[PDB]
Amino acid sequence: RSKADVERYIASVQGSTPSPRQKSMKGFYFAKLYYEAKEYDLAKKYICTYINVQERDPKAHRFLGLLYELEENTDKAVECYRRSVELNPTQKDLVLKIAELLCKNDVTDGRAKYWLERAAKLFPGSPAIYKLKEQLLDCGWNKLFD
Amino acid sequence: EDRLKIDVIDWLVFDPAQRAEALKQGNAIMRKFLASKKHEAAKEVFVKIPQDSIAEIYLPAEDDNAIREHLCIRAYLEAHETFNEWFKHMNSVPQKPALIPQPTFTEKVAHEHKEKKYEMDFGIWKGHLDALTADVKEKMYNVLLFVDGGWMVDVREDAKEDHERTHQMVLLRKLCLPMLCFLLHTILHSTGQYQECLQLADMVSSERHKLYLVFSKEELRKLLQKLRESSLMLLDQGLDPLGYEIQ
Amino acid sequence: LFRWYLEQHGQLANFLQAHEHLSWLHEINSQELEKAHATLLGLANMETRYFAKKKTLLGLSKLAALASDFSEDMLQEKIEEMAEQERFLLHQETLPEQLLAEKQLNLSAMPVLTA
């Protein structure tokens with residue numbers, strides 16, 4: 001594909017479903033192809049509009065969080081994962097991610113500690129859990145040894 | 001007959017060339033169950049709909065609405081999945097330490113500890129609560145303030161007559177929007193967010209949503225005797241009825 | 001009453017002390033909705049100190065009036081004279097979010113501005 005393949009499909013479904021609500025409900029499926037065509041400032045606005053009509057979809061919210069992850073916007077990416085997690089609790093891997101990102105960016109707030117506790121009980125003694133325990137401590141020699 | 005209907009879905013889902021008809025029919029089926037509040041019924045159907053249905057289908061007036069209706073329905077379900085969790089938690093508050101009047105010096109210390117541990121759990125049960133309150137609220141405002149035309153309200157206006165569906169969409173609004181409001185009021189009141197409780201009278205009366213038309217006159221008054229209750233607690237705190245400092 | 005305000009059965013004396021601006025409260029309670037609507041609109045008008053609050057009172061007034069027992073004619077008048085109020089307000093309401101952080105303004109904790 002290219003830029004033409006994806007921006008030409010705009011006129012494809014625009015000519016099939018022209019009302020604003022259905023135009024915005026196709027944003028996730030519009031954004032589905034811009035993520036593939038390496039367009040992240042564009043894909044961001046496409047998914048963000050589908051989120052404006054479909055604000056309760058855990059997949060869309062996570063997809064934006066994963067896109068903000070490529071943008072390295074931790075505060076924005078974390079919040080997106082949070083919404084997908086609070087909508088659907090079965091997304092364990094996202095509870096790790098939130099805990100993983102909260103400990104890497106800043107530990108001063110206890111919120112990073114909380115999400116790490118949950119991540120532990122979802123993955124009992126996994127290799128990543130300790131890694132996060134050491135990361136949180138990092139932010140002294142005797143302390144690490146204990 | 002529940003199974004007959006929830007089973008006709010897997011037949012339509014099997015053939016990807018009928019995903020537009022599978023969703024549409026999935027909607028209808030879930031519209032009957034919602035009017036009965038069978039949320040495990042509605043959701044058991046909601047999972048049968050492949051998570052990637054919307055993407056592939058991509059638009060007749062009948063497909064633009066059914067895509068919107070489906071998400072509306074997900075917005076509704078998610079507004080009950082997160083409340084029942086929140087509600088389950090509100091009913092699991094750490095219990096006070098039991099008192100042993102006339103204690104031995106042994107029982108005195110076991111109790112100095114049980115009393116100090118409880119004063120750690122009650123802090124987290126407000127911790128977990130706040131995060132389950134922040135989440136259940138968001139969902140209740142996604143449904144009540146549904147983006148782009150209100151909940152269960154078609155955006156596309158060029159479909160062919162379907163009185164069954166259309167009147168099913170008006171009804172679902174009159175059964176579930178009064179019921180979601182009263183819940184959110186119960187969530188706001190339960191967490192002591194009284195100022196915001198009263199701001200349900202802005203949300204409802206709003207001309208932007210016209211939510212007040214979905215209310216029976218009786219339901220209104222009931223919401224007005226619910227708000228006067230939040231107001232009280234705001235007076236007990238020393239503020240005016242609506243939560244603003246008395247200068 | 002002025003010695004109760006300065007400071008159960010205290011809510012029966014609250015029922016009598018709610019006489020004055022706290023009116024609307026004991027009016028919703030007495031099932032005197034039409035009455036609650038009149039004073040709720042009256043308190044909305046004098047309102048100048050807090051925008052967020054002038055907005056809340058009208059909304060309440062309106063939900064009071066709608067829930068009350070006006071004839072479809074009277075009701076249509078209350079909601080039209082009302083639609084006006086909401087029409088002016090909506091103006092301060094739609095104030096862009098660029099100049100309100102520029103002017104360093106409080107979101108809600110700001111006054112009822114004039115034309």
# chains A, B, ... in the order shown; residues from 1 in each chain; ligands from 1
>>> interface_residues(of="chain C", to="chain B", cutoff="10 Å", atoms="only C-alpha atoms", output="PyMOL selection string")
chain C and resi 21-22+24-26+28-29+31+33+50+52-53+55-64+66-69+83+86+109
>>> closest_atom_pairs(of="chain A", to="chain B", cutoff="10 Å", atoms="only C-alpha atoms", output="CSV")
residue,atom,partner,partner_atom,distance
A:9,CA,B:58,CA,9.9
A:12,CA,B:58,CA,9.1
A:13,CA,B:59,CA,6.3
A:14,CA,B:59,CA,8.0
A:15,CA,B:59,CA,7.4
A:16,CA,B:59,CA,3.6
A:17,CA,B:59,CA,3.9
A:18,CA,B:59,CA,7.6
A:19,CA,B:156,CA,5.6
A:20,CA,B:155,CA,7.1
A:21,CA,B:155,CA,5.5
A:22,CA,B:64,CA,4.9
A:23,CA,B:64,CA,8.3
A:24,CA,B:148,CA,9.1
A:25,CA,B:68,CA,6.9
A:26,CA,B:58,CA,7.4
A:27,CA,B:55,CA,9.4
A:28,CA,B:55,CA,7.4
A:29,CA,B:55,CA,4.9
A:30,CA,B:55,CA,8.4
A:31,CA,B:55,CA,10.0
A:32,CA,B:55,CA,8.0
A:50,CA,B:147,CA,9.9
A:51,CA,B:147,CA,9.1
A:52,CA,B:147,CA,6.0
A:53,CA,B:147,CA,4.8
A:54,CA,B:71,CA,5.8
A:55,CA,B:142,CA,6.3
A:56,CA,B:75,CA,4.9
A:57,CA,B:74,CA,7.3
A:58,CA,B:78,CA,9.7
A:59,CA,B:51,CA,8.4
A:82,CA,B:135,CA,9.1
A:83,CA,B:135,CA,7.7
A:85,CA,B:135,CA,9.6
A:86,CA,B:135,CA,6.1
A:87,CA,B:78,CA,6.0
A:88,CA,B:78,CA,8.0
A:89,CA,B:82,CA,9.2
A:111,CA,B:127,CA,10.0
A:114,CA,B:127,CA,9.4
>>> write_last_selection(atoms="N, CA and C atoms", output="compact mmCIF listing (two decimals), in the first residue's frame")
# COMPACT_ATOMS: atom_id res chain seq x y z
N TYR A 9 -9.39 5.29 -0.22
CA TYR A 9 -10.48 4.60 0.46
C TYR A 9 -11.37 5.57 1.23
N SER A 12 -14.14 5.95 -0.75
CA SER A 12 -14.83 4.69 -0.97
C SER A 12 -15.99 4.53 0.01
N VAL A 13 -15.72 4.64 1.31
CA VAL A 13 -16.78 4.54 2.30
C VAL A 13 -17.49 5.87 2.50
N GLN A 14 -16.84 6.99 2.16
CA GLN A 14 -17.54 8.28 2.16
C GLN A 14 -18.74 8.24 1.21
N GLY A 15 -18.61 7.53 0.10
CA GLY A 15 -19.70 7.34 -0.83
C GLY A 15 -20.65 6.22 -0.49
N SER A 16 -20.41 5.52 0.62
CA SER A 16 -21.28 4.44 1.07
C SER A 16 -22.02 4.75 2.36
N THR A 17 -21.48 5.64 3.19
CA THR A 17 -22.07 5.95 4.49
C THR A 17 -21.67 7.36 4.87
N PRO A 18 -22.49 8.36 4.53
CA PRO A 18 -22.02 9.75 4.59
C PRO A 18 -22.37 10.53 5.85
N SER A 19 -23.25 10.00 6.70
CA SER A 19 -23.67 10.70 7.91
C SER A 19 -22.50 10.81 8.90
N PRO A 20 -22.50 11.83 9.76
CA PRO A 20 -21.31 12.04 10.61
C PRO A 20 -21.03 10.89 11.56
N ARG A 21 -22.09 10.30 12.12
CA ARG A 21 -21.90 9.23 13.09
C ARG A 21 -21.24 8.01 12.46
N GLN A 22 -21.74 7.57 11.30
CA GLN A 22 -21.12 6.44 10.63
C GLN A 22 -19.77 6.82 10.03
N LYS A 23 -19.59 8.09 9.67
CA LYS A 23 -18.29 8.55 9.20
C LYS A 23 -17.25 8.46 10.31
N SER A 24 -17.66 8.72 11.55
CA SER A 24 -16.73 8.66 12.67
C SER A 24 -16.58 7.25 13.21
N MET A 25 -17.63 6.43 13.08
CA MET A 25 -17.55 5.03 13.49
C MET A 25 -16.62 4.22 12.59
N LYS A 26 -16.29 4.73 11.41
CA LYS A 26 -15.28 4.09 10.56
C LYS A 26 -13.87 4.59 10.87
N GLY A 27 -13.72 5.48 11.85
CA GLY A 27 -12.40 6.02 12.15
C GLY A 27 -11.41 4.96 12.59
N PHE A 28 -11.86 4.04 13.45
CA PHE A 28 -10.98 2.95 13.88
C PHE A 28 -10.51 2.13 12.69
N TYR A 29 -11.41 1.85 11.75
CA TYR A 29 -11.05 1.06 10.57
C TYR A 29 -10.36 1.90 9.52
N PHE A 30 -10.54 3.23 9.54
CA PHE A 30 -9.64 4.12 8.82
C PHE A 30 -8.26 4.09 9.45
N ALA A 31 -8.18 4.37 10.76
CA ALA A 31 -6.91 4.34 11.47
C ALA A 31 -6.22 2.99 11.37
N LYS A 32 -6.97 1.92 11.10
CA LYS A 32 -6.37 0.60 11.00
C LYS A 32 -5.32 0.53 9.90
N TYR A 50 -13.10 8.09 16.09
CA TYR A 50 -13.89 6.91 16.42
C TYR A 50 -14.10 6.80 17.92
N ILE A 51 -13.10 7.19 18.71
CA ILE A 51 -13.25 7.22 20.16
C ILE A 51 -14.27 8.28 20.58
N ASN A 52 -14.50 9.29 19.74
CA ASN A 52 -15.48 10.32 20.06
C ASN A 52 -16.91 9.80 19.97
N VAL A 53 -17.14 8.75 19.19
CA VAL A 53 -18.46 8.14 19.07
C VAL A 53 -18.51 6.79 19.79
N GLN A 54 -17.42 6.03 19.74
CA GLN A 54 -17.33 4.73 20.40
C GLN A 54 -16.35 4.84 21.56
N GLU A 55 -16.80 5.52 22.62
CA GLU A 55 -15.96 5.81 23.77
C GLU A 55 -15.84 4.64 24.74
N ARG A 56 -16.55 3.53 24.50
CA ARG A 56 -16.54 2.39 25.41
C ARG A 56 -15.88 1.16 24.81
N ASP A 57 -15.15 1.30 23.70
CA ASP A 57 -14.48 0.16 23.08
C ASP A 57 -13.11 -0.03 23.70
N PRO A 58 -12.84 -1.15 24.38
CA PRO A 58 -11.49 -1.34 24.94
C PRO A 58 -10.42 -1.53 23.89
N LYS A 59 -10.78 -2.05 22.71
CA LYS A 59 -9.79 -2.24 21.65
C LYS A 59 -9.31 -0.90 21.11
N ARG A 82 -5.38 2.66 30.62
CA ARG A 82 -6.27 2.66 31.78
C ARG A 82 -7.72 2.50 31.36
N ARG A 83 -8.14 3.27 30.34
CA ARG A 83 -9.54 3.21 29.93
C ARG A 83 -9.90 1.83 29.40
N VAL A 85 -8.50 -0.90 30.22
CA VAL A 85 -8.46 -1.86 31.32
C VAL A 85 -9.70 -1.74 32.19
N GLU A 86 -10.11 -0.51 32.50
CA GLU A 86 -11.29 -0.33 33.34
C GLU A 86 -12.56 -0.78 32.62
N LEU A 87 -12.57 -0.74 31.29
CA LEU A 87 -13.71 -1.25 30.55
C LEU A 87 -13.74 -2.77 30.56
N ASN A 88 -12.58 -3.40 30.37
CA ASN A 88 -12.47 -4.85 30.28
C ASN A 88 -11.39 -5.33 31.24
N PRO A 89 -11.75 -5.97 32.36
CA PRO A 89 -10.71 -6.40 33.32
C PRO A 89 -9.86 -7.57 32.84
N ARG A 111 0.85 5.72 42.89
CA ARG A 111 0.08 5.05 41.85
C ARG A 111 0.94 4.01 41.12
N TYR A 114 0.97 0.97 43.41
CA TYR A 114 -0.29 0.24 43.36
C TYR A 114 -0.36 -0.67 42.14
>>> residues_around(residues="residue 106 (chain C)", least_positions_apart="3", cutoff="12 Å", atoms="only C-alpha atoms", output="compact mmCIF listing (two decimals) with C-alpha atoms, in the first residue's frame")
# COMPACT_ATOMS: atom_id res chain seq x y z
CA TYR C 50 -20.78 32.02 40.35
CA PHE C 51 -21.46 31.03 36.74
CA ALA C 52 -21.43 27.28 37.40
CA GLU C 97 -10.35 27.18 25.76
CA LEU C 99 -8.17 32.49 25.84
CA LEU C 100 -9.40 31.04 29.14
CA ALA C 101 -5.93 29.68 29.91
CA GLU C 102 -4.41 32.77 28.35
CA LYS C 103 -6.45 35.06 30.59
CA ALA C 109 -15.12 29.31 39.68
CA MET C 110 -15.73 32.44 37.60
CA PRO C 111 -18.53 35.07 37.76
>>> residues_around(residues="residue 38 (chain A)", least_positions_apart="6", cutoff="12 Å", atoms="only C-alpha atoms", output="list in words")
residues 1, 2, 3, 6, 31, 32, 44, 67 and 70 of chain A
>>> write_last_selection(atoms="N, CA, C and O atoms", output="PDB file, in the first residue's frame")
ATOM      1  N   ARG A   1       0.825  -1.202   0.000  1.00  0.00           N
ATOM      2  CA  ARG A   1       0.000   0.000   0.000  1.00  0.00           C
ATOM      3  C   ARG A   1       0.864   1.258   0.000  1.00  0.00           C
ATOM      4  O   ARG A   1       2.090   1.182   0.048  1.00  0.00           O
ATOM      5  N   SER A   2       0.209   2.415  -0.059  1.00  0.00           N
ATOM      6  CA  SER A   2       0.891   3.699  -0.109  1.00  0.00           C
ATOM      7  C   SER A   2      -0.015   4.746   0.528  1.00  0.00           C
ATOM      8  O   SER A   2      -0.992   4.416   1.209  1.00  0.00           O
ATOM      9  N   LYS A   3       0.310   6.022   0.308  1.00  0.00           N
ATOM     10  CA  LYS A   3      -0.580   7.089   0.752  1.00  0.00           C
ATOM     11  C   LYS A   3      -1.851   7.119  -0.086  1.00  0.00           C
ATOM     12  O   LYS A   3      -2.938   7.393   0.435  1.00  0.00           O
ATOM     13  N   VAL A   6      -4.706   4.404   0.885  1.00  0.00           N
ATOM     14  CA  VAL A   6      -5.485   4.627   2.099  1.00  0.00           C
ATOM     15  C   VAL A   6      -6.330   5.891   1.997  1.00  0.00           C
ATOM     16  O   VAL A   6      -7.483   5.907   2.441  1.00  0.00           O
ATOM     17  N   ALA A  31      -8.185   4.372  10.755  1.00  0.00           N
ATOM     18  CA  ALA A  31      -6.912   4.344  11.467  1.00  0.00           C
ATOM     19  C   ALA A  31      -6.223   2.990  11.373  1.00  0.00           C
ATOM     20  O   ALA A  31      -5.002   2.915  11.550  1.00  0.00           O
ATOM     21  N   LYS A  32      -6.972   1.919  11.096  1.00  0.00           N
ATOM     22  CA  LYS A  32      -6.365   0.596  11.003  1.00  0.00           C
ATOM     23  C   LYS A  32      -5.322   0.529   9.896  1.00  0.00           C
ATOM     24  O   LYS A  32      -4.335  -0.206  10.018  1.00  0.00           O
ATOM     25  N   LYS A  44      -3.514   8.891  14.495  1.00  0.00           N
ATOM     26  CA  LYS A  44      -3.946   9.329  15.818  1.00  0.00           C
ATOM     27  C   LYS A  44      -5.297  10.032  15.748  1.00  0.00           C
ATOM     28  O   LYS A  44      -6.195   9.761  16.552  1.00  0.00           O
ATOM     29  N   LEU A  67      -0.478   3.483  20.159  1.00  0.00           N
ATOM     30  CA  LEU A  67       0.028   4.484  19.227  1.00  0.00           C
ATOM     31  C   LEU A  67       0.735   5.614  19.967  1.00  0.00           C
ATOM     32  O   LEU A  67       1.777   6.100  19.512  1.00  0.00           O
ATOM     33  N   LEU A  70       4.227   4.430  20.675  1.00  0.00           N
ATOM     34  CA  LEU A  70       5.172   4.732  19.605  1.00  0.00           C
ATOM     35  C   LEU A  70       5.561   6.204  19.616  1.00  0.00           C
ATOM     36  O   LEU A  70       6.695   6.552  19.264  1.00  0.00           O
TER      37      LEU A  70
END
>>> select_by_dssp(residues="region 4-112 of chain A", states="alpha helix (DSSP H)", output="ChimeraX atom specification")
/A:4-14,20-25,27-34,40-53,58-70,74-87,92-105,110-112
>>> atom_distance(atom1="CA of residue 41 (chain A)", atom2="CA of residue 102 (chain A)")
24.1 Å
>>> atom_distance(atom1="CA of residue 9 (chain C)", atom2="CA of residue 192 (chain B)")
23.8 Å
>>> residues_around(residues="residue 5 (chain C)", least_positions_apart="4", cutoff="10 Å", atoms="only C-alpha atoms", output="ChimeraX atom specification")
/C:1,14,17-18
>>> residues_around(residues="residue 121 (chain B)", least_positions_apart="6", cutoff="12 Å", atoms="only C-alpha atoms", output="list in words")
residues 92, 93, 94, 95, 96, 97, 114, 115, 127, 128 and 129 of chain B
>>> atom_distance(atom1="CA of residue 238 (chain B)", atom2="CA of residue 10 (chain C)")
15.5 Å
>>> decode(residues="region 68-96 of chain C", atoms="N, CA, C and O atoms", output="short mmCIF file (atom, residue, chain, number, x, y, z; two decimals), in the first residue's frame")
data_model
loop_
_atom_site.label_atom_id
_atom_site.label_comp_id
_atom_site.auth_asym_id
_atom_site.auth_seq_id
_atom_site.Cartn_x
_atom_site.Cartn_y
_atom_site.Cartn_z
N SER C 68 -43.55 19.48 37.37
CA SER C 68 -44.73 20.02 38.03
C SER C 68 -45.99 19.83 37.19
O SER C 68 -45.96 19.16 36.16
N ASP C 69 -47.09 20.44 37.63
CA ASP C 69 -48.39 20.22 37.01
C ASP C 69 -48.96 21.45 36.30
O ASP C 69 -50.14 21.77 36.46
N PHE C 70 -48.13 22.13 35.52
CA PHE C 70 -48.60 23.25 34.71
C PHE C 70 -49.44 22.71 33.56
O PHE C 70 -49.23 21.58 33.11
N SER C 71 -50.40 23.51 33.09
CA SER C 71 -51.14 23.15 31.89
C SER C 71 -50.18 23.27 30.72
O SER C 71 -49.27 24.09 30.74
N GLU C 72 -50.38 22.45 29.69
CA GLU C 72 -49.44 22.43 28.57
C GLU C 72 -49.16 23.83 28.01
O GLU C 72 -48.15 24.04 27.34
N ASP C 73 -50.05 24.77 28.30
CA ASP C 73 -49.87 26.15 27.87
C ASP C 73 -48.87 26.87 28.75
O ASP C 73 -47.86 27.40 28.27
N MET C 74 -49.14 26.89 30.05
CA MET C 74 -48.26 27.51 31.02
C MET C 74 -46.86 26.92 30.94
O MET C 74 -45.87 27.65 30.96
N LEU C 75 -46.79 25.60 30.84
CA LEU C 75 -45.52 24.90 30.74
C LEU C 75 -44.73 25.42 29.55
O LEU C 75 -43.52 25.65 29.64
N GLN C 76 -45.42 25.60 28.43
CA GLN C 76 -44.80 26.07 27.20
C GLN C 76 -44.28 27.50 27.35
O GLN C 76 -43.42 27.94 26.60
N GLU C 77 -44.82 28.22 28.33
CA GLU C 77 -44.37 29.58 28.58
C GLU C 77 -43.12 29.56 29.46
O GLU C 77 -42.15 30.26 29.19
N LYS C 78 -43.16 28.75 30.51
CA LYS C 78 -42.03 28.62 31.43
C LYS C 78 -40.77 28.13 30.71
O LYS C 78 -39.66 28.56 31.04
N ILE C 79 -40.95 27.25 29.74
CA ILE C 79 -39.84 26.65 29.01
C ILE C 79 -39.38 27.52 27.84
O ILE C 79 -38.32 27.30 27.26
N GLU C 80 -40.19 28.52 27.49
CA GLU C 80 -39.81 29.46 26.44
C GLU C 80 -39.08 30.67 27.03
O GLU C 80 -38.02 31.05 26.54
N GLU C 81 -39.65 31.25 28.08
CA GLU C 81 -38.99 32.32 28.81
C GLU C 81 -37.67 31.78 29.36
O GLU C 81 -36.73 32.53 29.59
N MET C 82 -37.63 30.47 29.56
CA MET C 82 -36.43 29.80 30.03
C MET C 82 -35.44 29.68 28.88
O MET C 82 -34.29 30.09 28.99
N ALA C 83 -35.90 29.11 27.77
CA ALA C 83 -35.06 28.93 26.59
C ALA C 83 -34.26 30.20 26.29
O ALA C 83 -33.15 30.14 25.77
N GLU C 84 -34.84 31.35 26.62
CA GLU C 84 -34.14 32.63 26.50
C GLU C 84 -32.92 32.69 27.40
O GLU C 84 -31.80 32.94 26.94
N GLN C 85 -33.13 32.45 28.69
CA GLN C 85 -32.04 32.48 29.66
C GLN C 85 -30.89 31.58 29.18
O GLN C 85 -29.74 32.02 29.09
N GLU C 86 -31.21 30.33 28.88
CA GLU C 86 -30.22 29.39 28.38
C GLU C 86 -29.52 29.92 27.13
O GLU C 86 -28.37 29.59 26.88
N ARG C 87 -30.23 30.75 26.36
CA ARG C 87 -29.68 31.31 25.13
C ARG C 87 -28.59 32.34 25.37
O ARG C 87 -27.59 32.37 24.66
N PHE C 88 -28.79 33.20 26.36
CA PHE C 88 -27.76 34.16 26.72
C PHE C 88 -26.57 33.43 27.34
O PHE C 88 -25.43 33.63 26.94
N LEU C 89 -26.86 32.59 28.33
CA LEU C 89 -25.82 31.85 29.04
C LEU C 89 -24.89 31.11 28.09
O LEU C 89 -23.67 31.29 28.13
N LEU C 90 -25.48 30.26 27.25
CA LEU C 90 -24.73 29.51 26.25
C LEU C 90 -23.56 30.29 25.67
O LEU C 90 -22.55 29.70 25.28
N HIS C 91 -23.70 31.61 25.60
CA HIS C 91 -22.62 32.48 25.11
C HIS C 91 -21.36 32.39 25.97
O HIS C 91 -20.31 31.97 25.48
N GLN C 92 -21.46 32.76 27.24
CA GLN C 92 -20.33 32.61 28.16
C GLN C 92 -19.87 31.15 28.22
O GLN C 92 -18.72 30.85 28.54
N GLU C 93 -20.79 30.25 27.90
CA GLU C 93 -20.55 28.82 27.97
C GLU C 93 -19.56 28.36 26.90
O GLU C 93 -18.69 27.53 27.16
N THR C 94 -19.70 28.90 25.70
CA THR C 94 -18.91 28.46 24.57
C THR C 94 -17.60 29.23 24.44
O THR C 94 -16.98 29.24 23.37
N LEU C 95 -17.17 29.87 25.53
CA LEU C 95 -15.92 30.62 25.51
C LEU C 95 -14.73 29.70 25.23
O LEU C 95 -14.50 28.74 25.96
N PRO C 96 -13.98 30.00 24.16
CA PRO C 96 -12.87 29.16 23.71
C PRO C 96 -11.92 28.81 24.84
O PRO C 96 -11.83 29.54 25.83
#
